[PDB]
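Structure, as structure tokens:
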2 protein chains.
Amino acid sequence: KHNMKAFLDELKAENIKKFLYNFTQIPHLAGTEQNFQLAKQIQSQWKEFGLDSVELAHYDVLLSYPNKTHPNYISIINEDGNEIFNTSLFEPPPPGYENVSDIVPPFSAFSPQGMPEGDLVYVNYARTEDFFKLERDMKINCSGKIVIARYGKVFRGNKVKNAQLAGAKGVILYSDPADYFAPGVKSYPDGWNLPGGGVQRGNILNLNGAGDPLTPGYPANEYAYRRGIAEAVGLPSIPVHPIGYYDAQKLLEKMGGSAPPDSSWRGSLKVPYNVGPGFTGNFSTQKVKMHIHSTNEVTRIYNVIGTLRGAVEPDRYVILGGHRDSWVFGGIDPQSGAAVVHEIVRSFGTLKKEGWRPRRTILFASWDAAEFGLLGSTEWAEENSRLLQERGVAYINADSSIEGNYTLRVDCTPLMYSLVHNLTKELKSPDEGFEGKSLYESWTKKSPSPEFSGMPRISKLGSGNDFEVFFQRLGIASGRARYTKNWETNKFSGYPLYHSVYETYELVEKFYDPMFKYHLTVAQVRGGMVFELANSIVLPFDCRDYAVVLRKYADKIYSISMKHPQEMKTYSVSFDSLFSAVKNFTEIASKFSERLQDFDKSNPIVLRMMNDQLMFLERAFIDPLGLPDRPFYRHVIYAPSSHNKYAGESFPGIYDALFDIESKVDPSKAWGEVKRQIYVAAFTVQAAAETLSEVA
Amino acid sequence: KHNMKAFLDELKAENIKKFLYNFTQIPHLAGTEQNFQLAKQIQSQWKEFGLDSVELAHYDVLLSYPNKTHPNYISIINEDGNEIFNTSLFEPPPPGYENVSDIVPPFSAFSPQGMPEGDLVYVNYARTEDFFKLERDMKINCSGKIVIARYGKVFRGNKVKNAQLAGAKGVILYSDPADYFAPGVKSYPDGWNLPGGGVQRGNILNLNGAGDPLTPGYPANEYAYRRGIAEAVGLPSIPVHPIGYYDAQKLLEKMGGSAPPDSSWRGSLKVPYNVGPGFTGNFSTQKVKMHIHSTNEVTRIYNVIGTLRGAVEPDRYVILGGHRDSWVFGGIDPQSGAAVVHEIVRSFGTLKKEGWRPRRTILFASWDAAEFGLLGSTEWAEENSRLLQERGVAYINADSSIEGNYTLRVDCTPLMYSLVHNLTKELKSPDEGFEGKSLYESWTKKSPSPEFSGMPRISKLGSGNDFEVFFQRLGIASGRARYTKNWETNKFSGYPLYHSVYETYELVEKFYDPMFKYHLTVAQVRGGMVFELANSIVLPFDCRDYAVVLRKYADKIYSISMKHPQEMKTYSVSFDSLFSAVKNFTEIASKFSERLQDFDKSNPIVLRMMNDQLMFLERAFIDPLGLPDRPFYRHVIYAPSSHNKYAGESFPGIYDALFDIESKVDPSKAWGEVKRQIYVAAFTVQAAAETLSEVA
Ligand SMILES: *[C@@H]1O[C@H](CO)[C@@H](O[C@@H]2O[C@H](CO)[C@@H](O[C@@H]3O[C@H](CO)[C@@H](O)[C@H](O[C@H]4O[C@H](CO)[C@@H](O)[C@H](O)[C@@H]4O)[C@@H]3O)[C@H](O)[C@H]2NC(C)=O)[C@H](O)[C@H]1NC(C)=O
Ligand SMILES: *[C@@H]1O[C@H](CO)[C@@H](O[C@@H]2O[C@H](CO)[C@@H](O[C@@H]3O[C@H](CO)[C@@H](O)[C@H](O[C@H]4O[C@H](CO)[C@@H](O)[C@H](O)[C@@H]4O)[C@@H]3O)[C@H](O)[C@H]2NC(C)=O)[C@H](O)[C@H]1NC(C)=O
Ligand SMILES: *[C@@H]1O[C@H](CO)[C@@H](O[C@@H]2O[C@H](CO)[C@@H](O[C@@H]3O[C@H](CO)[C@@H](O)[C@H](O)[C@@H]3O)[C@H](O)[C@H]2NC(C)=O)[C@H](O)[C@H]1NC(C)=O
Ligand SMILES: *[C@@H]1O[C@H](CO)[C@@H](O[C@@H]2O[C@H](CO)[C@@H](O[C@@H]3O[C@H](CO)[C@@H](O)[C@H](O)[C@@H]3O)[C@H](O)[C@H]2NC(C)=O)[C@H](O)[C@H]1NC(C)=O
Ligand SMILES: *[C@@H]1O[C@H](CO)[C@@H](O[C@@H]2O[C@H](CO)[C@@H](O)[C@H](O)[C@H]2NC(C)=O)[C@H](O)[C@H]1NC(C)=O
Ligand SMILES: *[C@@H]1O[C@H](CO)[C@@H](O[C@@H]2O[C@H](CO)[C@@H](O)[C@H](O)[C@H]2NC(C)=O)[C@H](O)[C@H]1NC(C)=O
Ligand SMILES: *[C@@H]1O[C@H](CO)[C@@H](O[C@@H]2O[C@H](CO)[C@@H](O)[C@H](O)[C@H]2NC(C)=O)[C@H](O)[C@H]1NC(C)=O
Ligand SMILES: *[C@@H]1O[C@H](CO)[C@@H](O[C@@H]2O[C@H](CO)[C@@H](O)[C@H](O)[C@H]2NC(C)=O)[C@H](O)[C@H]1NC(C)=O
Ligand SMILES: O=C(O)CC[C@H](NC(=O)C(O)(CC(=O)O)CC(=O)O)C(=O)O
Ligand SMILES: O=C(O)CC[C@H](NC(=O)C(O)(CC(=O)O)CC(=O)O)C(=O)O
Ligand SMILES: *[C@@H]1O[C@H](CO)[C@@H](O)[C@H](O)[C@H]1NC(C)=O
Ligand SMILES: *[C@@H]1O[C@H](CO)[C@@H](O)[C@H](O)[C@H]1NC(C)=O
Ligand SMILES: *[C@@H]1O[C@H](CO)[C@@H](O)[C@H](O)[C@H]1NC(C)=O
Ligand SMILES: *[C@@H]1O[C@H](CO)[C@@H](O)[C@H](O)[C@H]1NC(C)=O
Ligand SMILES: *[C@@H]1O[C@H](CO)[C@@H](O)[C@H](O)[C@H]1NC(C)=O
Ligand SMILES: *[C@@H]1O[C@H](CO)[C@@H](O)[C@H](O)[C@H]1NC(C)=O
Ligand SMILES: [Ca+2]
Ligand SMILES: [Ca+2]
Ligand SMILES: [Cl-]
Ligand SMILES: [Cl-]
Ligand SMILES: [Zn+2]
Ligand SMILES: [Zn+2]
Ligand SMILES: [Zn+2]
Ligand SMILES: [Zn+2]
């Protein structure tokens, strides 16, 4: 039989290992020749694997690169203007890679040029709340100051934005061992920890879903009209550079001024973590000087797009997509993902050569320039928006397959909760001590749901990865899955070697997944999801799961508002309409579920009607007017958090209207806008519900 | 057989006559009790006629009414502040209607209150070009002046906007006999001409498709959050009032200052038509004073929505919709339309009682408050936008069935050209001297196409009627048809009695269509279109007709640009991408047409795929970012003209970027924006084309 089991059994750990090794020997930075060559290889292999068509889709987008003959660096500079300390020009390359060319040195992509000079201020993680504490409680003024912040907690772009709005003239980012050095584990190459010379690369854009900064709304094709750099979306306005903790210790050790307000402002370096401004009396005459010469350049990028045509519904698209571009070798990010996608394509292709086709069309994507703002996925979605919104069933992301080896992590739309539970009950756990048990069992034991005993945690989709255009702009049901760490035992952030030169094949092979069993499990989850989405006769979405979470989110947003009872009285702020809409959604979803079970399974138009209602349900949560000042974030239920692009926020329109509302100067206007957002949310929920009513 | 012929034959002239009489005995102004009662009657009858469900959909929208105890009027006022002449408080009621209550006196709906006083300036039709001539060529300054303009040429809202931007403090609108008095025809009640006391009512909003001024984007439902009046969409900022030509003669006869620049500024009144400002020396001390006390009030409105469920594709909607609200009796506008809709419902209902159902679902609509800004249709579309955009096949409008008795007039999407040609070849001509000939023949002879011999004129859809939200916001294929006058023999504007108290049943019965044969023909065209749209196995859209017009429109826009050859050289302005997109659309449409003819007619999913490609083709011309500063006008090919809401403009984004470009202060920026609009248009055409490519 050609069934999901045949698909799953053909997937091999050893193939994934082989592909990972193949993908990680040289750097594959977006816009470079090496990443074009890898795109061509992938295209060629996907054809060999049996896909019906495989094309490159290219775009000319704004990228950012250091200047090869004028390196970026930071100095301590004395009263005489002598540079007494310089940060590193590159990370010490790992063993055996010391002769690899084109390792891009650490830099913050899209930094403007500058040589700003001034006094340091230490801003902890540069979060909204960290700045509120500096300005409001400690009375410290960042205007004209070079701010130094530790990576972590939130997306680095949010940090640079928060810094800019506080008036800083420069940002230095660093990795504190408190956040990137797991206790008792060796530094690379002898374990998986960040060494003192390791540095986290990364873009510092605030695109809010726009894609290429120069062409918001429209693909960056050959005839594209581009904004001028001055009108570009999302570029930082002050220079920024990342450093490791050895270099950071040299810049922090002399800090004077105010003490840290508490232990949550202190990392693990042997320094006071004084906020500043400036250095201590002996050194109060010294200052910090940045030297940033990176340039922004319109550069060609290449997505690989593979098609496996559906036998029955070729006009319905299930997309499996992940990025190919890396900062350096991409051992985890993204090649642990891409290797999995490669094997999934190979397995579907095997079935296809034996005469099988999925019911629906499967699209496979190798996205470019994700590291520079999700540009490849976004540009392609902008080009094909009409096709995607009328034909897009679901999107399954495929970035890094592992960030740990403890248990499964799933983030998805509530429409896929049931699919995920049912699939994981049929997969084997790869975990130690769960031999012969299901993935569902090991996952549920290690990551229990905070609400329901006997079920696992599934998180909301936020952003910061290539599902973003599909889910938050277009309203296509989306999900992602990977192996992760134990967040209880490990307070540290992401994984220590994230976006560093030390993210290699050897890192993975030696320290994360020697048997490639966690990779195989992830291939089975991602692959299995795609298989069911593309082959199940009735789409495997349970609208009733949406009803459940909508009530939870309405309860939560109401709780936030109810911190201001006097204002709710004064401005007649009622959540009644939102609760009524959620109630109606629950009732109508329940009736729809009955019809979907009891409908005449013989009739294909009836089947197609009800599959269309399921497909367009996620779509119904899109507001074509977007969110305030964020036209590309259109999902009324989910939007990336305005304080941390990484995290999901629910009813973001109402949440943002309530945020820090007690500080607004005109409370009548601010509570008016809360009421407006309540109306918009209620209406949207009711409108979504009504898509599931009988059609006529 | 239950076929289109059975449907057509059941339609009766005498029924339409009976319904017209029934609908026009009393006023049915939006928001009044009489129009609620008529909505209830229509609902009850549509149920009796056999529709599966008939509901009222209500909204609370901003309307506008004169103050019953403080009438609006205009004065000539002397140096002493004595009112020496007053305009009329009402139109002399027509014979036998002199005791009808609740005839709303003439007024300009949504005028603010005021009593401005000042010197008259005469602005001809208050068009863009008329103001360009006043300011640029004649050096006349309208700032602080009360402007008097004649109705005609363009939508009256555009006039008041043009006036406001010229700095006027008030607008007086009037009907000049040059534009509303056909030579040799008697005034009502002895013929169909406008008498001197007749007055054209009408709203003066500039909504740009927004609907209810207080709730743009979202239905004005029970829990709606409303803008404050200060932030409302589209309200005029200076007082405005309409008058008849007797009253206008009294205000114009004393005009001094500059002579009219030419005979195109002179109407037919026995006055000089001097531009002003002010009156002649004897009377230079007198001024004009307006007295406007109308109030804007949130008021409930009611649409009637009838459903005839499809037997095979109940989730596909063909909509027949027209308004019910009138300024007074609505003898032509809208009841000549609504009576036709009533009979069409009755005829579909007859078939339904004998066991027939259309293939697709038919929705019938009686819209409210069209006269106040298309509010009923727009609010309902806003509420149901998700359903309409995923399920909406087509919209057929049904306002006034007749504005003349000379020949047919059709305005529609190119997707319906073939449908209209084929239907009209099967209908009988009702025209004198064309007995036994087809409607196509009489129509083609009387209104020849300007491009193709042997075909009739079909015009573009613009706006100013209830198709607007469906076509220009949502991108649902739309059309309209009515009987019209001979535009060669009749230079006058619309029909003389438009929006006056004299628009009665008797007007129609005596002077337009005594046998109700033109009404019957219009019922057959509108009804026949609906029938084919709802019953044809393959949707009756020819994508190749779109290709043809897209080339014509690209040629036209290029011609406009080529008035500025030096600038096209200097700024490298190329139309190559747009022509390439149009070429590709033509080729891909041609291939699609072959597939649609040659496809396996046995397979229902293949049939549904290709019908979806046809349905979503109009949809593909929607830009979710809208047009600049007009978010509710989203159709890239068609948008109401920025100088005349009534007329269609093609490639409006590029047209508006080129308009008066030689006056822009920064040519580099202005030509940049032209290039941006070319990119957007090219991309959109190509994207639309690609919806017709093979799906995988
Ligand atoms: C969830 O679904 C339910 C349907 O089960 C839906 O109920 C609807 O709620 C509205 C209230 O928001 C009801 O509106 C009424 O409609 C009648 C005519 O049918 C009117 O007479 C009512 O207006 C009078 O009373 C008002 C309130 O005091 C006054 O403000 C007003 O001026 C009038 O005097 C009122 O408009 C509606 O009938 C029900 N529908 C049904 C079928 O019960 C509810 O709205 C849904 N929730 C959401 C968020 O959509
Ligand atoms: C209408 O349909 C046709 C397809 O039949 C479509 O043609 C495409 O046009 C573009 C040009 O806009 C071609 O783009 C090229 O793609 C190749 C790779 O496939 C590149 O090497 C080319 O780039 C080089 O040359 C450029 C031009 O001098 C340089 O600017 C560039 O830096 C490179 O050196 C170029 O990108 C494309 O191949 C064709 N596609 C096909 C299948 O022929 C046309 O674009 C469609 N019209 C619209 C408006 O979409
Ligand atoms: C995930 O797995 C669960 C458990 O199997 C699925 O739910 C089950 O779905 C089936 C098929 O629709 C339901 O069976 C039907 O039930 C009624 C009688 O109760 C009747 O129409 C038929 O006799 C038929 O057997 C079954 O009740 C239902 N079970 C539960 C506990 O809900 C679920 O659908 C799967 N999810 C996905 C996305 O596939
Ligand atoms: C309006 O009427 C015209 C004229 O009848 C319709 O065009 C005709 O459509 C038919 C049916 O698709 C075409 O017939 C087919 O043609 C090919 C061979 O040439 C073959 O597949 C079959 O043998 C079949 O007969 C016919 O050629 C075509 N005629 C013309 C002149 O185009 C048109 O489709 C109608 N429009 C609408 C919207 O219904
Ligand atoms: C990654 O694997 C690919 C595919 O096996 C290798 O590419 C092949 O390289 C050989 C030269 O050794 C050529 O004969 C083939 O034409 C290549 N095939 C394709 C599809 O590109 C590639 O060399 C491997 N890369 C590394 C670093 O091991
Ligand atoms: C930090 O790097 C700078 C730049 O290379 C060094 O400064 C240069 O040193 C030479 C002489 O040693 C001067 O002639 C250049 O003009 C200097 N350039 C600048 C911009 O100052 C500096 O020595 C380095 N400092 C340390 C401690 O390594
Ligand atoms: C328009 O026609 C309707 C329907 O025939 C008339 O309404 C009926 O009026 C009688 C009273 O004479 C009642 O018994 C019915 O209940 C009414 N029916 C409905 C459906 O409303 C209406 O009176 C006619 N109006 C005019 C002005 O002639
Ligand atoms: C135009 O109408 C106004 C308002 O009714 C008339 O003016 C009023 O006339 C009486 C005496 O005749 C005064 O006591 C009122 O105070 C006047 N009101 C105002 C606002 O002036 C006026 O007579 C009318 N003019 C004509 C020519 O009919
Ligand atoms: O530009 C963006 O929005 C994100 C690009 C890129 N994103 C990633 O690397 C991520 O894997 C995105 C993700 O997994 O959600 C970062 C993370 O989760 O810590 C970045 O954060 O630098
Ligand atoms: O508010 C609007 O946009 C138009 C409402 C209303 N429209 C009409 O009366 C029309 O019939 C609209 C139409 O037929 O396109 C006016 C006309 O064509 O002369 C009006 O013009 O006053
Ligand atoms: C690199 O830096 C030098 C010095 O400013 C400059 O002349 C050169 O053009 C730079 N290269 C780029 C690509 O900007
Ligand atoms: C912070 O410092 C600068 C002085 O250089 C001043 O201009 C700025 O307004 C200050 N901000 C506050 C909030 O005090
Ligand atoms: C891999 O698994 C075991 C967990 O007990 C451990 O040796 C190691 O810390 C894990 N690796 C990582 C990178 O978490
Ligand atoms: C009508 O006019 C009078 C005089 O200004 C005013 O007192 C009354 O309230 C008005 N009515 C309305 C509905 O505004
Ligand atoms: C027109 O007249 C007024 C004088 O009342 C003046 O303020 C305004 O600027 C003038 N406009 C032009 C264009 O001259
Ligand atoms: C109706 O038809 C004939 C056309 O010859 C004529 O008597 C009359 O002018 C027409 N009516 C109108 C209103 O155009
Ligand atoms: Ca873009
Ligand atoms: Ca509205
Ligand atoms: Cl992922
Ligand atoms: Cl019409
Ligand atoms: Zn990644
Ligand atoms: Zn990354
Ligand atoms: Zn009308
Ligand atoms: Zn009208």
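To be explicit about the labels: the chains of the structure tokens are called A, B, and onward in the order shown, and within each one the residues are counted from 1, while ligands get numbers from 1 in the order they are shown.
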
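Using only C-alpha atoms, one finds that the residues of chain B close to chain A, at 7 Å or less, are residues 223, 224, 225, 307, 309, 314, 315, 386, 387, 577, 609, 620, 624, 675, 676, 679, 691, 695 and 696 of chain B.
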
Which of stretch 56-240 of chain A fall in strand (DSSP E), as JSON, numbers by chain | {"A": [56, 57, 58, 59, 60, 61, 62, 63, 64, 65, 73, 74, 75, 76, 77, 83, 84, 85, 86, 108, 109, 117, 118, 120, 121, 122, 146, 147, 148, 149, 150, 170, 171, 172, 173, 174, 202, 203, 240]}

Exercise answer, 6 Å around ligand 23 with only C-alpha atoms and all ligand atoms, as a PyMOL selection string = chain B and resi 333-334+399

Just to be explicit: take each residue in the selection above, keep C-alpha atoms, and write the result as a PDB file, in the first residue's frame.
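What follows is the written file part-v2.pdb:
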ATOM      1  CA  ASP B 333     -35.276  56.098  -9.268  1.00  0.00           C
ATOM      2  CA  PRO B 334     -35.349  53.362  -7.949  1.00  0.00           C
ATOM      3  CA  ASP B 399     -31.482  50.585 -10.046  1.00  0.00           C
TER       4      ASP B 399
END

Give me the residues within 8 Å of stretch 186-199 of chain A as an MDAnalysis selection string, counting only C-alpha atoms and dropping any in the same chain fewer than 5 places off.
-> chainID A and resid 88 91:92 94:95 106 174:175 177 180:181 242:247 496:497 499:502 507 511

Identify, on the basis of only C-alpha atoms, every residue whose closest approach to residue A:611 does not exceed 7 Å; exclude the query and any residue fewer than 4 positions from it along the same chain; express the result as an MDAnalysis selection string.
-> chainID A and resid 538:539 607 615

I need the chosen residues saved as a PDB file, in the first residue's frame, with N, CA and C atoms.
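Generated output (part.pdb):
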ATOM      1  N   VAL A 538     -11.135  14.521   3.922  1.00  0.00           N
ATOM      2  CA  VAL A 538     -11.589  15.738   4.639  1.00  0.00           C
ATOM      3  C   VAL A 538     -10.335  16.415   5.244  1.00  0.00           C
ATOM      4  N   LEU A 539     -10.163  17.713   5.028  1.00  0.00           N
ATOM      5  CA  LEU A 539      -8.982  18.423   5.629  1.00  0.00           C
ATOM      6  C   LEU A 539      -8.912  18.122   7.126  1.00  0.00           C
ATOM      7  N   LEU A 607     -18.316  17.681  -0.587  1.00  0.00           N
ATOM      8  CA  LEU A 607     -17.032  17.474   0.094  1.00  0.00           C
ATOM      9  C   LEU A 607     -16.156  18.716  -0.109  1.00  0.00           C
ATOM     10  N   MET A 615     -10.713  25.238   4.803  1.00  0.00           N
ATOM     11  CA  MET A 615      -9.543  25.976   4.261  1.00  0.00           C
ATOM     12  C   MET A 615      -9.625  27.486   4.524  1.00  0.00           C
TER      13      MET A 615
END

Nearby residues, ligand 15, 9 Å, only C-alpha atoms and all ligand atoms, as a ChimeraX atom specification | /B:135,139-145,166-167

The selected residues should be written to file as a tab-separated table (two decimals), in the first residue's frame (atoms: N, CA and C atoms).
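So the final result, stored in result.tsv, reads:
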chain	number	residue	atom	x	y	z
B	135	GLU	N	-8.99	80.05	-11.95
B	135	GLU	CA	-7.80	80.43	-11.17
B	135	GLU	C	-6.59	80.75	-12.06
B	139	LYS	N	-7.69	84.37	-13.55
B	139	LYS	CA	-7.18	84.97	-12.30
B	139	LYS	C	-8.33	85.43	-11.37
B	140	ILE	N	-9.26	84.51	-11.08
B	140	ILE	CA	-10.40	84.81	-10.21
B	140	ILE	C	-10.29	83.94	-8.96
B	141	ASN	N	-10.46	84.56	-7.79
B	141	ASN	CA	-10.20	83.95	-6.49
B	141	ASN	C	-11.52	83.64	-5.74
B	142	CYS	N	-11.86	82.35	-5.63
B	142	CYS	CA	-13.09	81.91	-4.96
B	142	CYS	C	-13.05	81.90	-3.42
B	143	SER	N	-11.89	82.19	-2.83
B	143	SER	CA	-11.72	82.18	-1.37
B	143	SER	C	-12.64	83.19	-0.67
B	144	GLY	N	-13.43	82.73	0.30
B	144	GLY	CA	-14.41	83.57	1.01
B	144	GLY	C	-15.71	83.82	0.25
B	145	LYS	N	-15.80	83.30	-0.99
B	145	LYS	CA	-16.97	83.54	-1.86
B	145	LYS	C	-18.02	82.42	-1.70
B	166	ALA	N	-11.01	75.15	-3.52
B	166	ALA	CA	-10.86	76.54	-3.99
B	166	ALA	C	-11.16	77.61	-2.92
B	167	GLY	N	-11.45	77.21	-1.68
B	167	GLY	CA	-11.68	78.16	-0.58
B	167	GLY	C	-13.06	78.78	-0.40

Within 8 Å of ligand 11: each chain A residue with its shortest pair, only C-alpha atoms and all ligand atoms, as JSON lines:
{"residue": "A:67", "atom": "CA", "partner": "ligand 11", "partner_atom_place_in_ligand_line": "1 (C)", "distance": 5.0}
{"residue": "A:68", "atom": "CA", "partner": "ligand 11", "partner_atom_place_in_ligand_line": "1 (C)", "distance": 6.8}
{"residue": "A:69", "atom": "CA", "partner": "ligand 11", "partner_atom_place_in_ligand_line": "1 (C)", "distance": 5.7}
{"residue": "A:70", "atom": "CA", "partner": "ligand 11", "partner_atom_place_in_ligand_line": "2 (O)", "distance": 5.0}
{"residue": "A:293", "atom": "CA", "partner": "ligand 11", "partner_atom_place_in_ligand_line": "2 (O)", "distance": 6.6}
{"residue": "A:294", "atom": "CA", "partner": "ligand 11", "partner_atom_place_in_ligand_line": "14 (O)", "distance": 7.3}
{"residue": "A:295", "atom": "CA", "partner": "ligand 11", "partner_atom_place_in_ligand_line": "14 (O)", "distance": 5.9}

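Residues in contact range of residue B:456, defined as at most 8 Å between only C-alpha atoms, with sequence neighbours fewer than 4 positions away removed, read residues 440, 443, 444, 445, 447, 448 and 449 of chain B.
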
Mind writing the picked residues with N, CA, C and O atoms as a short mmCIF file (atom, residue, chain, number, x, y, z; two decimals), in the first residue's frame?
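In the end it all went to again_25.cif:
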data_model
loop_
_atom_site.label_atom_id
_atom_site.label_comp_id
_atom_site.auth_asym_id
_atom_site.auth_seq_id
_atom_site.Cartn_x
_atom_site.Cartn_y
_atom_site.Cartn_z
N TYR B 440 -30.30 42.58 -29.77
CA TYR B 440 -28.95 42.82 -30.25
C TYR B 440 -28.95 43.68 -31.51
O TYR B 440 -28.12 44.57 -31.66
N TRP B 443 -30.23 47.39 -30.63
CA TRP B 443 -29.17 47.97 -29.83
C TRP B 443 -27.91 48.27 -30.65
O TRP B 443 -27.35 49.36 -30.53
N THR B 444 -27.47 47.33 -31.49
CA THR B 444 -26.27 47.54 -32.25
C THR B 444 -26.48 48.66 -33.28
O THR B 444 -25.58 49.46 -33.50
N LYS B 445 -27.66 48.73 -33.90
CA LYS B 445 -27.94 49.79 -34.87
C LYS B 445 -27.99 51.15 -34.19
O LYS B 445 -27.42 52.08 -34.67
N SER B 447 -26.79 52.06 -31.02
CA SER B 447 -25.65 52.42 -30.20
C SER B 447 -24.41 51.61 -30.64
O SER B 447 -23.99 50.68 -29.95
N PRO B 448 -23.85 51.96 -31.81
CA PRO B 448 -22.78 51.12 -32.31
C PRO B 448 -21.54 51.25 -31.47
O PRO B 448 -21.27 52.30 -30.91
N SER B 449 -20.79 50.17 -31.35
CA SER B 449 -19.48 50.24 -30.74
C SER B 449 -18.58 51.21 -31.52
O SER B 449 -18.57 51.18 -32.74
#

Neighbours of ligand 8 within 8 Å, counting only C-alpha atoms and all ligand atoms, as a list in words?
-> residues 75, 81, 82, 83, 84, 85 and 86 of chain B

Can you tell me which residues sit at most 9 Å away from ligand 24, counting only C-alpha atoms and all ligand atoms, written as a list in words?
->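 My answer, listing the contacting residues, is residues 201, 202, 325, 326, 327, 330, 332, 333, 334, 370, 371, 372, 399, 400, 465, 498 and 499 of chain B.
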
Counting only C-alpha atoms, the residue of A:667, A:234, A:436, A:27 that sits nearest residue A:329 |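 Result for the nearest residue to residue A:329: A:27.
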
Skip stretch 257-264 of chain B itself and residues of its chain fewer than 3 positions away, then list as a ChimeraX atom specification all residues within 9 Å of it, counting only C-alpha atoms.
-> /B:122,124,133,138,140,267,272-280

Restrict the calculation to only C-alpha atoms and all ligand atoms, then for each residue of chain A with any atom at most 6 Å from an atom of ligand 5 give the closest atom pair and their distance in Å to one decimal, rows by chain and rising residue number, as a tab-separated table.
residue	atom	partner	partner_atom_place_in_ligand_line	distance
A:22	CA	ligand 5	28 (O)	4.5
A:25	CA	ligand 5	27 (C)	5.5
A:41	CA	ligand 5	21 (O)	4.2
A:44	CA	ligand 5	20 (C)	5.2
A:45	CA	ligand 5	20 (C)	5.5

Stretch 148-159 of chain A: which residues within 10 Å, counting only C-alpha atoms, same-chain residues fewer than 5 positions away excluded, as number ranges by chain?
-> A: 108, 120-128, 131, 164-165, 168, 170-180, 200, 202-207, 234-236, 240-243, 245, 248, 251-252, 265, 267, 275, 464, 492-494, 641-647

Pick out each residue of stretch 597-696 of chain A that DSSP on the backbone tags as helix (DSSP H, G or I); I need them as a ChimeraX atom specification.
-> /A:597-598,604-619,652-658,661-663,667-690

Selection as a PyMOL selection string: residues within 8 Å of ligand 19 by only C-alpha atoms and all ligand atoms | chain A and resi 322+337+396-401+465+480-482

Two-atom distance - atom CA of residue B:551, atom 5 (O, counted along the ligand's line) of ligand 2 (Å) = 17.3 Å

Restricting to only C-alpha atoms and all ligand atoms, whichever of B:685, B:522, B:469, B:589 is closest to ligand 20 is B:522

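If you measure from each of B:428, B:409, B:437, B:517 to residue B:483 using only C-alpha atoms, the closest one turns out to be B:409.
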
Show me which residues sit within 12 Å of ligand 7 when counting only C-alpha atoms and all ligand atoms, and put them as an MDAnalysis selection string.
-> chainID B and resid 15 18:28 34 36:49 329 339 342 505
